[PDB]
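Structure below is run.tsv: TSV, C-alpha atoms and all ligand atoms.
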chain	number	residue	atom	x	y	z
A	1	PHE	CA	-7.15	16.32	17.47
A	2	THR	CA	-4.50	13.65	17.84
A	3	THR	CA	-4.35	11.55	21.00
A	4	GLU	CA	-1.19	12.60	22.84
A	5	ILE	CA	0.48	9.65	24.57
A	6	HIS	CA	2.68	9.78	27.63
A	7	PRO	CA	6.05	8.06	26.98
A	8	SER	CA	5.66	5.94	30.12
A	9	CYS	CA	2.79	4.12	28.34
A	10	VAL	CA	5.09	2.91	25.54
A	11	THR	CA	7.65	0.11	25.62
A	12	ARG	CA	10.03	-0.15	22.66
A	13	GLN	CA	10.90	-3.82	22.19
A	14	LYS	CA	12.74	-4.38	18.90
A	15	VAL	CA	14.17	-2.26	16.10
A	16	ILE	CA	12.29	-3.09	12.89
A	17	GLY	CA	13.60	-0.52	10.45
A	18	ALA	CA	15.06	2.84	9.54
A	19	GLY	CA	12.50	5.46	8.58
A	20	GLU	CA	12.87	8.80	6.84
A	21	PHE	CA	12.96	10.53	10.23
A	22	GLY	CA	14.58	7.93	12.49
A	23	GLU	CA	14.36	4.42	13.82
A	24	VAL	CA	11.14	2.41	13.76
A	25	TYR	CA	10.31	-0.10	16.49
A	26	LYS	CA	7.90	-2.81	17.39
A	27	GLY	CA	6.60	-2.21	20.89
A	28	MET	CA	3.65	-2.27	23.29
A	29	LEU	CA	1.14	0.43	24.29
A	30	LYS	CA	-0.90	0.68	27.49
A	31	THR	CA	-4.28	2.28	26.96
A	32	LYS	CA	-4.95	-4.01	28.14
A	33	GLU	CA	-1.62	-3.71	26.32
A	34	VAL	CA	-1.61	-3.57	22.51
A	35	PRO	CA	1.26	-4.28	20.10
A	36	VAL	CA	2.27	-1.19	18.15
A	37	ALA	CA	4.66	0.16	15.59
A	38	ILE	CA	6.63	3.17	16.87
A	39	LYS	CA	8.23	5.73	14.57
A	40	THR	CA	10.73	8.02	16.25
A	41	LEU	CA	12.07	11.42	15.23
A	42	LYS	CA	15.87	11.26	15.40
A	43	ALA	CA	17.59	13.84	17.58
A	44	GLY	CA	19.00	16.81	15.70
A	45	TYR	CA	16.02	17.55	13.47
A	46	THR	CA	15.29	20.65	11.41
A	47	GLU	CA	12.06	22.53	12.06
A	48	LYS	CA	10.95	21.32	8.62
A	49	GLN	CA	11.71	17.72	9.59
A	50	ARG	CA	9.74	18.09	12.82
A	51	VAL	CA	6.82	19.55	10.85
A	52	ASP	CA	7.03	16.89	8.12
A	53	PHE	CA	7.35	14.11	10.71
A	54	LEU	CA	4.27	15.21	12.64
A	55	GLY	CA	2.33	15.98	9.46
A	56	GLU	CA	2.18	12.27	8.64
A	57	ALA	CA	0.28	11.73	11.88
A	58	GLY	CA	-1.95	14.69	11.05
A	59	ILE	CA	-3.07	13.17	7.75
A	60	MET	CA	-3.30	9.65	9.17
A	61	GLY	CA	-5.39	10.90	12.08
A	62	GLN	CA	-8.13	12.09	9.69
A	63	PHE	CA	-8.92	8.53	8.54
A	64	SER	CA	-10.69	5.60	10.16
A	65	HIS	CA	-11.15	2.52	7.94
A	66	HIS	CA	-10.50	-1.20	8.29
A	67	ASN	CA	-7.99	-1.06	5.40
A	68	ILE	CA	-6.17	2.13	6.47
A	69	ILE	CA	-3.44	1.91	9.11
A	70	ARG	CA	-4.72	3.02	12.52
A	71	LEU	CA	-3.00	5.92	14.30
A	72	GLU	CA	-2.92	5.17	18.02
A	73	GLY	CA	-1.38	8.52	18.92
A	74	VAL	CA	1.72	10.71	19.09
A	75	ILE	CA	4.37	11.75	21.58
A	76	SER	CA	5.06	15.42	20.80
A	77	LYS	CA	5.71	16.89	24.28
A	78	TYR	CA	8.67	14.65	25.12
A	79	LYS	CA	11.74	13.48	23.28
A	80	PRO	CA	12.19	11.67	21.10
A	81	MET	CA	8.90	12.44	19.38
A	82	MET	CA	6.99	9.33	18.33
A	83	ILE	CA	4.16	8.27	16.02
A	84	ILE	CA	2.39	5.17	17.40
A	85	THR	CA	0.42	3.02	14.93
A	86	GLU	CA	-1.05	-0.47	14.95
A	87	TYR	CA	1.60	-3.16	14.52
A	88	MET	CA	1.23	-5.33	11.42
A	89	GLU	CA	2.65	-8.78	12.10
A	90	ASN	CA	3.40	-9.75	8.51
A	91	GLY	CA	5.04	-6.50	7.45
A	92	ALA	CA	5.21	-5.05	3.95
A	93	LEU	CA	3.07	-6.74	1.32
A	94	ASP	CA	5.67	-7.12	-1.45
A	95	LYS	CA	8.23	-8.74	0.90
A	96	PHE	CA	5.53	-10.87	2.57
A	97	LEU	CA	4.41	-12.39	-0.73
A	98	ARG	CA	7.96	-12.95	-2.01
A	99	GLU	CA	8.71	-14.99	1.12
A	100	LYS	CA	5.44	-16.91	0.61
A	101	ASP	CA	5.80	-17.52	-3.14
A	102	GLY	CA	2.99	-19.79	-4.34
A	103	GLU	CA	1.64	-20.36	-0.81
A	104	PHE	CA	-1.77	-18.61	-1.09
A	105	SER	CA	-4.99	-19.55	-2.86
A	106	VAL	CA	-6.11	-17.20	-5.63
A	107	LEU	CA	-9.21	-16.42	-3.58
A	108	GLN	CA	-6.96	-15.34	-0.72
A	109	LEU	CA	-4.92	-13.06	-3.01
A	110	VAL	CA	-8.04	-11.47	-4.49
A	111	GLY	CA	-9.36	-10.91	-0.97
A	112	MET	CA	-6.18	-8.97	-0.17
A	113	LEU	CA	-6.69	-6.90	-3.30
A	114	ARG	CA	-10.31	-6.35	-2.24
A	115	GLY	CA	-9.18	-4.88	1.09
A	116	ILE	CA	-6.62	-2.60	-0.54
A	117	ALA	CA	-9.23	-1.40	-3.03
A	118	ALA	CA	-11.69	-0.72	-0.19
A	119	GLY	CA	-9.11	1.36	1.70
A	120	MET	CA	-8.39	3.31	-1.50
A	121	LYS	CA	-12.11	3.80	-2.15
A	122	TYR	CA	-12.42	5.29	1.32
A	123	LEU	CA	-9.46	7.57	0.66
A	124	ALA	CA	-10.81	8.72	-2.70
A	125	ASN	CA	-14.24	9.37	-1.16
A	126	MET	CA	-12.44	11.64	1.34
A	127	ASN	CA	-10.78	13.42	-1.63
A	128	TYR	CA	-7.35	12.14	-0.59
A	129	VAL	CA	-5.01	11.38	-3.50
A	130	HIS	CA	-2.28	9.02	-2.31
A	131	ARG	CA	0.24	9.38	-5.21
A	132	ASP	CA	2.55	6.64	-3.85
A	133	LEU	CA	0.43	3.47	-3.91
A	134	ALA	CA	2.66	0.38	-4.19
A	135	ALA	CA	2.88	-2.99	-2.48
A	136	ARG	CA	5.85	-1.76	-0.43
A	137	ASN	CA	3.47	0.80	1.13
A	138	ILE	CA	0.82	-1.77	2.14
A	139	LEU	CA	1.06	-3.67	5.43
A	140	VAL	CA	-0.41	-7.07	6.29
A	141	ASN	CA	-1.52	-8.24	9.72
A	142	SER	CA	-1.66	-11.77	11.10
A	143	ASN	CA	-5.20	-12.25	9.76
A	144	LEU	CA	-4.01	-11.19	6.26
A	145	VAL	CA	-5.85	-7.87	6.33
A	146	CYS	CA	-3.99	-5.42	4.06
A	147	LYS	CA	-3.89	-1.76	5.01
A	148	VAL	CA	-2.64	1.28	3.15
A	149	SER	CA	0.05	3.32	4.89
A	150	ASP	CA	2.67	5.91	3.85
A	151	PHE	CA	0.78	9.17	4.34
A	152	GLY	CA	3.28	11.96	3.71
A	153	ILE	CA	9.59	9.80	-7.67
A	154	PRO	CA	8.96	6.09	-8.48
A	155	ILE	CA	8.28	6.03	-12.20
A	156	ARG	CA	7.03	2.51	-12.80
A	157	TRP	CA	4.11	2.81	-10.32
A	158	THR	CA	2.86	6.21	-11.57
A	159	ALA	CA	0.25	6.97	-14.24
A	160	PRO	CA	1.78	8.58	-17.38
A	161	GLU	CA	-0.26	11.80	-17.09
A	162	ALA	CA	1.12	12.21	-13.56
A	163	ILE	CA	4.68	11.68	-14.84
A	164	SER	CA	4.36	13.92	-17.89
A	165	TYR	CA	1.93	16.58	-16.64
A	166	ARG	CA	1.82	16.13	-12.82
A	167	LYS	CA	-1.91	15.29	-12.94
A	168	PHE	CA	-2.28	13.30	-9.70
A	169	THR	CA	-5.88	12.19	-9.17
A	170	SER	CA	-7.72	9.21	-7.75
A	171	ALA	CA	-7.65	8.00	-11.38
A	172	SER	CA	-3.86	7.97	-11.30
A	173	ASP	CA	-4.07	6.16	-7.97
A	174	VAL	CA	-6.15	3.61	-9.92
A	175	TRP	CA	-3.23	3.10	-12.31
A	176	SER	CA	-1.00	2.46	-9.29
A	177	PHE	CA	-3.55	-0.02	-7.96
A	178	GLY	CA	-3.26	-1.92	-11.23
A	179	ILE	CA	0.48	-2.24	-10.71
A	180	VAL	CA	-0.25	-3.41	-7.14
A	181	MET	CA	-2.58	-6.11	-8.48
A	182	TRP	CA	0.29	-7.30	-10.65
A	183	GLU	CA	2.71	-7.26	-7.70
A	184	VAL	CA	0.25	-9.38	-5.73
A	185	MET	CA	-0.53	-11.89	-8.47
A	186	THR	CA	3.23	-12.37	-9.21
A	187	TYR	CA	4.06	-12.73	-5.49
A	188	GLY	CA	6.12	-9.58	-5.38
A	189	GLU	CA	7.95	-9.50	-8.68
A	190	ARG	CA	9.37	-6.10	-9.55
A	191	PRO	CA	7.24	-4.32	-12.19
A	192	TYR	CA	8.95	-4.19	-15.60
A	193	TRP	CA	11.76	-6.27	-14.01
A	194	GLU	CA	14.97	-4.33	-14.61
A	195	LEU	CA	14.04	-2.32	-17.67
A	196	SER	CA	15.30	1.21	-17.18
A	197	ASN	CA	12.93	3.98	-16.11
A	198	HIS	CA	13.35	5.39	-19.61
A	199	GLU	CA	12.57	2.03	-21.23
A	200	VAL	CA	9.51	1.73	-18.97
A	201	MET	CA	8.15	5.14	-19.96
A	202	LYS	CA	8.94	4.46	-23.60
A	203	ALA	CA	7.14	1.09	-23.62
A	204	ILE	CA	4.00	2.47	-21.96
A	205	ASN	CA	3.72	5.23	-24.58
A	206	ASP	CA	4.09	2.61	-27.31
A	207	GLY	CA	1.29	0.59	-25.70
A	208	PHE	CA	3.25	-2.09	-23.84
A	209	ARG	CA	1.51	-3.28	-20.69
A	210	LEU	CA	2.73	-5.77	-18.10
A	211	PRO	CA	1.97	-9.37	-19.11
A	212	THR	CA	-0.44	-11.77	-17.48
A	213	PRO	CA	0.96	-13.47	-14.36
A	214	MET	CA	0.96	-17.26	-14.46
A	215	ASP	CA	-2.38	-18.63	-13.15
A	216	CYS	CA	-3.87	-15.14	-12.88
A	217	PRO	CA	-7.65	-15.23	-13.50
A	218	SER	CA	-8.73	-13.64	-16.81
A	219	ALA	CA	-11.05	-11.13	-15.12
A	220	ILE	CA	-8.26	-10.05	-12.70
A	221	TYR	CA	-5.76	-9.43	-15.51
A	222	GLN	CA	-8.34	-7.61	-17.59
A	223	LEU	CA	-9.13	-5.46	-14.54
A	224	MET	CA	-5.41	-4.60	-14.41
A	225	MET	CA	-5.53	-3.60	-18.09
A	226	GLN	CA	-8.56	-1.38	-17.42
A	227	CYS	CA	-6.64	0.29	-14.58
A	228	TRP	CA	-3.83	0.88	-17.13
A	229	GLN	CA	-5.96	2.65	-19.76
A	230	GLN	CA	-3.96	5.52	-21.23
A	231	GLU	CA	-7.00	7.83	-20.98
A	232	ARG	CA	-7.67	8.19	-17.26
A	233	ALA	CA	-11.43	8.72	-17.63
A	234	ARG	CA	-11.77	5.17	-18.97
A	235	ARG	CA	-10.22	3.65	-15.86
A	236	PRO	CA	-12.57	2.09	-13.32
A	237	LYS	CA	-13.16	3.94	-10.10
A	238	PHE	CA	-12.25	2.28	-6.81
A	239	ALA	CA	-15.97	1.86	-6.07
A	240	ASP	CA	-16.14	-0.15	-9.34
A	241	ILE	CA	-13.03	-2.16	-8.47
A	242	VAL	CA	-14.49	-3.06	-5.08
A	243	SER	CA	-17.78	-4.06	-6.69
A	244	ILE	CA	-16.04	-6.15	-9.39
A	245	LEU	CA	-13.77	-7.97	-6.93
A	246	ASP	CA	-16.71	-8.75	-4.64
A	247	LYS	CA	-18.52	-10.35	-7.62
A	248	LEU	CA	-15.48	-12.50	-8.41
A	249	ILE	CA	-15.16	-13.58	-4.77
A	250	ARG	CA	-18.87	-14.48	-4.79
A	251	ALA	CA	-18.42	-16.52	-8.00
A	252	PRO	CA	-15.15	-18.17	-6.97
A	253	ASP	CA	-15.01	-20.57	-9.95
A	254	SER	CA	-14.13	-17.41	-11.93
A	255	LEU	CA	-10.87	-17.46	-9.94
A	256	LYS	CA	-9.90	-21.08	-10.61
A	257	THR	CA	-7.04	-22.24	-12.81
A	258	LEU	CA	-5.98	-25.57	-14.30
A	259	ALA	CA	-4.63	-27.08	-11.06
A	260	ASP	CA	-8.10	-26.63	-9.56
A	261	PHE	CA	-9.29	-29.21	-12.16
A	262	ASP	CA	-6.23	-31.54	-12.19
A	263	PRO	CA	-2.92	-31.92	-10.39
A	301	LIG	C1	9.86	-4.25	8.05
A	301	LIG	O1	9.74	-5.65	8.39
A	301	LIG	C2	8.63	-6.00	9.10
A	301	LIG	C3	7.73	-5.06	9.62
A	301	LIG	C4	6.62	-5.47	10.35
A	301	LIG	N1	5.66	-4.69	10.91
A	301	LIG	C5	5.50	-3.37	10.75
A	301	LIG	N2	4.33	-2.86	11.22
A	301	LIG	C6	4.07	-1.49	11.12
A	301	LIG	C7	5.03	-0.67	10.56
A	301	LIG	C8	6.22	-1.23	10.11
A	301	LIG	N3	6.43	-2.55	10.24
A	301	LIG	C9	7.27	-0.52	9.55
A	301	LIG	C10	8.52	-1.07	9.82
A	301	LIG	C11	9.66	-0.41	9.35
A	301	LIG	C12	9.53	0.77	8.62
A	301	LIG	CL1	10.94	1.62	8.01
A	301	LIG	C13	8.27	1.29	8.34
A	301	LIG	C14	7.14	0.66	8.83
A	301	LIG	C15	5.93	1.28	8.47
A	301	LIG	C16	5.79	1.81	7.19
A	301	LIG	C17	5.90	0.99	6.06
A	301	LIG	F1	6.20	-0.41	6.17
A	301	LIG	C18	5.74	1.53	4.78
A	301	LIG	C19	5.46	2.88	4.64
A	301	LIG	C20	5.33	3.70	5.76
A	301	LIG	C21	5.49	3.15	7.02
A	301	LIG	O2	5.38	3.86	8.17
A	301	LIG	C22	4.34	4.82	8.05
A	301	LIG	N4	4.82	1.23	9.20
A	301	LIG	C23	4.64	0.67	10.55
A	301	LIG	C24	6.45	-6.84	10.55
A	301	LIG	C25	7.32	-7.78	10.02
A	301	LIG	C26	8.44	-7.38	9.31
A	301	LIG	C27	9.29	-8.37	8.78
A	301	LIG	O3	9.89	-8.20	7.70
A	301	LIG	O4	9.35	-9.50	9.32

Spell out the structure here as structure tokens.
Amino acid sequence: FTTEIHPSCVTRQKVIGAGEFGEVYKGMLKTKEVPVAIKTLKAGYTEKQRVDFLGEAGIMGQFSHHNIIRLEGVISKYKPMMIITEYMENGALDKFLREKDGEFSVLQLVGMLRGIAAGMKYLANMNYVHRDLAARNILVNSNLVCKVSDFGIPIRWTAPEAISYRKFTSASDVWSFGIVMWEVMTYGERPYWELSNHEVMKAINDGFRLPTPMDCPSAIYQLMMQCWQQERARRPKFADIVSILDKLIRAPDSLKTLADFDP
């Protein structure tokens, strides 16, 4: 099932974006009132668009994890149709970190990566391949919890066997996670900067990998490199990534850089 919500229990308060299917709002939901994100289906939709739009909520409704965006419910009996999710105060991860450049501890950044990895582990253990994992598709709440969203072709986030041979697996999601680690540790820099998609694919085949971010711990960058192994069977699983990041968090000197020992 999917909880069906009566439109009188929703208040749209502010437009916060333009989605694939229509406008997206911040609002409130009566259940004590809770802040929500509200995706609407624009009037004048094709049957395919209506099916696609409501399919997102079908997938999302199958999952319940602290690092996966919560579906509160849908409005499908009234118009416009709406998908109601938990509101995430700090928005998209890549934009959040760019606005906060240099303002987090390395422990805090690794903790965000730990949450993302835990959400992805849950997805993989439910045999869900995401295929579109990127910092723009992760949301951050006011307590800095990061949650995967976007349940429904960007070359530089995709594993080469998925580009060349359309082999999308949890292992290719792991490649994407590596790129996400690099987005996080650079505070939202664009992967491969403005190299062309062709130059990106060419460099990866020749063995180029993204370079170490400034002040990135050695174990974190080497974990990225392991996620970017050309042969997908040599990549860590998400269960391994979660276990590795927990060890680093528990030995936090492993995360320190020079400024932690000087000005
Ligand atoms: C977009 O900007 C924000 C969104 C915020 N919150 C928020 N919370 C939930 C959602 C969204 N946005 C949002 C806003 C606009 C758009 Cl177009 C989409 C969404 C999404 C969303 C996403 F960010 C990525 C992928 C899929 C999404 O919907 C499923 N999911 C729901 C908060 C702050 C900001 C900000 O920049 O200050």

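Candidate residues A:38, A:140, A:162, A:106 were compared for distance to residue 73 (chain A), and the nearest is A:38, using all atoms listed in the file.
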
Which residues are near ligand LIG 301 (chain A) - at most 10 Å, using all atoms listed in the file? Format: as a PyMOL selection string. chain A and resi 15-27+35-39+56-57+60+69-71+83-93+95-96+99+132-142+148-152

Between A:62, A:222, A:230, A:212, which one has atoms that come closest to residue 244 (chain A), using only C-alpha atoms?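 The answer is A:222, which sits nearest to residue 244 (chain A).
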
For a test of reading the model, state the distance in Å between CA of residue 5 (chain A) and CA of residue 82 (chain A), rounded to one decimal.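 Separation between CA of residue 5 (chain A) and CA of residue 82 (chain A): 9.0 Å.
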
Residue 119 (chain A): which residues within 8 Å, counting only C-alpha atoms, same-chain residues fewer than 4 positions away excluded, as a list in words?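 In the requested format, the answer is residues 65, 66, 67, 68, 115, 123, 147 and 148 of chain A.
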
With only C-alpha atoms as the counted atoms, please give the residues lying no more than 7 Å from residue 10 (chain A), apart from itself and same-chain residues fewer than 5 positions off, as a VMD selection string. chain A and resid 28 to 30

So that I can check the surroundings of residue 180 (chain A), please list as a ChimeraX atom specification every protein, DNA and RNA residue that reaches within 12 Å of it, counting only C-alpha atoms and ignoring chain neighbours fewer than 4 positions away. /A:93-94,97,109-110,112-114,116-117,120,132-138,146,148,156-158,173-176,184-191,210,220-221,223-224,227-228

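Taking CA of residue 233 (chain A) and CA of residue 160 (chain A) as the two end points, the separation is 13.2 Å.
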
At what distance in Å, to one decimal, does CA of residue 216 (chain A) lie from CA of residue 242 (chain A)?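 Answer for the CA of residue 242 (chain A) to CA of residue 216 (chain A) separation: 17.9 Å.
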
Restricting the calculation to only C-alpha atoms: of A:107, A:59, A:179, A:54, which residue gets closest to residue 260 (chain A)? A:107

So, with all atoms listed in the file as the atoms that count, which of A:194, A:207, A:105, A:177 lies closest to residue 249 (chain A)?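 Ranked by minimum distance to residue 249 (chain A), first place goes to A:105.
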
Taking (-2.5, 13.4, -6.4) in the file's own coordinates, collect the residues within 7 Å, counting only C-alpha atoms, and hand them back as JSON, numbers by chain. {"A": [129, 130, 131, 167, 168, 169, 170]}

For residue 196 (chain A), please output as a compact mmCIF listing (two decimals) with C-alpha atoms, in the frame of the given file all residues within 12 Å (counting all atoms listed in the file; exclusion window: fewer than 4 positions along the same chain).
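As written to disk, selection.txt reads:
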# COMPACT_ATOMS: atom_id res chain seq x y z
CA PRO A 154 8.96 6.09 -8.48
CA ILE A 155 8.28 6.03 -12.20
CA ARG A 156 7.03 2.51 -12.80
CA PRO A 191 7.24 -4.32 -12.19
CA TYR A 192 8.95 -4.19 -15.60
CA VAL A 200 9.51 1.73 -18.97
CA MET A 201 8.15 5.14 -19.96
CA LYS A 202 8.94 4.46 -23.60
CA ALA A 203 7.14 1.09 -23.62

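The nearest approach to residue 7 (chain A) among the residues A:61, A:55, A:80, A:263, with all atoms listed in the file taken into account, belongs to A:80.
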
Using the partial input, fill out region 38-52 of chain A with N, CA, C and O atoms; write the result as an mmCIF file, keeping the file's coordinate frame.
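File produced: rebuild.cif:
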data_model
loop_
_atom_site.group_PDB
_atom_site.id
_atom_site.type_symbol
_atom_site.label_atom_id
_atom_site.label_comp_id
_atom_site.auth_asym_id
_atom_site.auth_seq_id
_atom_site.Cartn_x
_atom_site.Cartn_y
_atom_site.Cartn_z
ATOM 1 N N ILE A 38 6.189 1.920 16.232
ATOM 2 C CA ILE A 38 6.630 3.170 16.870
ATOM 3 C C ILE A 38 7.655 3.817 15.958
ATOM 4 O O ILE A 38 8.762 3.287 15.780
ATOM 5 N N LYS A 39 7.301 4.955 15.376
ATOM 6 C CA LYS A 39 8.230 5.730 14.570
ATOM 7 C C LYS A 39 8.794 6.841 15.429
ATOM 8 O O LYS A 39 8.033 7.559 16.078
ATOM 9 N N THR A 40 10.114 6.985 15.443
ATOM 10 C CA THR A 40 10.730 8.020 16.250
ATOM 11 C C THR A 40 11.332 9.093 15.351
ATOM 12 O O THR A 40 11.719 8.835 14.208
ATOM 13 N N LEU A 41 11.389 10.307 15.880
ATOM 14 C CA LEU A 41 12.070 11.420 15.230
ATOM 15 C C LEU A 41 13.471 11.520 15.816
ATOM 16 O O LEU A 41 13.631 11.794 17.015
ATOM 17 N N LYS A 42 14.474 11.283 14.973
ATOM 18 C CA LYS A 42 15.870 11.260 15.400
ATOM 19 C C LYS A 42 16.264 12.616 15.970
ATOM 20 O O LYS A 42 15.823 13.660 15.484
ATOM 21 N N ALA A 43 17.096 12.598 17.008
ATOM 22 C CA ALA A 43 17.590 13.840 17.580
ATOM 23 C C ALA A 43 18.378 14.632 16.544
ATOM 24 O O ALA A 43 19.040 14.063 15.673
ATOM 25 N N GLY A 44 18.289 15.958 16.631
ATOM 26 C CA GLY A 44 19.000 16.810 15.700
ATOM 27 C C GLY A 44 18.215 17.094 14.435
ATOM 28 O O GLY A 44 18.764 17.082 13.329
ATOM 29 N N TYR A 45 16.927 17.365 14.591
ATOM 30 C CA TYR A 45 16.020 17.550 13.470
ATOM 31 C C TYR A 45 15.854 19.034 13.156
ATOM 32 O O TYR A 45 15.842 19.874 14.061
ATOM 33 N N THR A 46 15.644 19.326 11.887
ATOM 34 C CA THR A 46 15.290 20.650 11.410
ATOM 35 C C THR A 46 13.847 20.950 11.760
ATOM 36 O O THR A 46 13.085 20.039 11.978
ATOM 37 N N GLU A 47 13.462 22.217 11.823
ATOM 38 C CA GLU A 47 12.060 22.530 12.060
ATOM 39 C C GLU A 47 11.180 21.939 10.962
ATOM 40 O O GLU A 47 10.059 21.483 11.227
ATOM 41 N N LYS A 48 11.681 21.932 9.723
ATOM 42 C CA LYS A 48 10.950 21.320 8.620
ATOM 43 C C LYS A 48 10.765 19.824 8.854
ATOM 44 O O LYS A 48 9.680 19.279 8.612
ATOM 45 N N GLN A 49 11.814 19.146 9.326
ATOM 46 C CA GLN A 49 11.710 17.720 9.590
ATOM 47 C C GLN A 49 10.711 17.437 10.706
ATOM 48 O O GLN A 49 9.926 16.484 10.624
ATOM 49 N N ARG A 50 10.717 18.263 11.754
ATOM 50 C CA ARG A 50 9.740 18.090 12.820
ATOM 51 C C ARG A 50 8.321 18.296 12.296
ATOM 52 O O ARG A 50 7.392 17.577 12.686
ATOM 53 N N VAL A 51 8.141 19.276 11.411
ATOM 54 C CA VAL A 51 6.820 19.550 10.850
ATOM 55 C C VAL A 51 6.406 18.425 9.902
ATOM 56 O O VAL A 51 5.280 17.916 9.975
ATOM 57 N N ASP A 52 7.307 18.028 8.998
ATOM 58 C CA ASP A 52 7.030 16.890 8.120
ATOM 59 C C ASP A 52 6.700 15.646 8.930
ATOM 60 O O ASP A 52 5.682 14.988 8.684
#
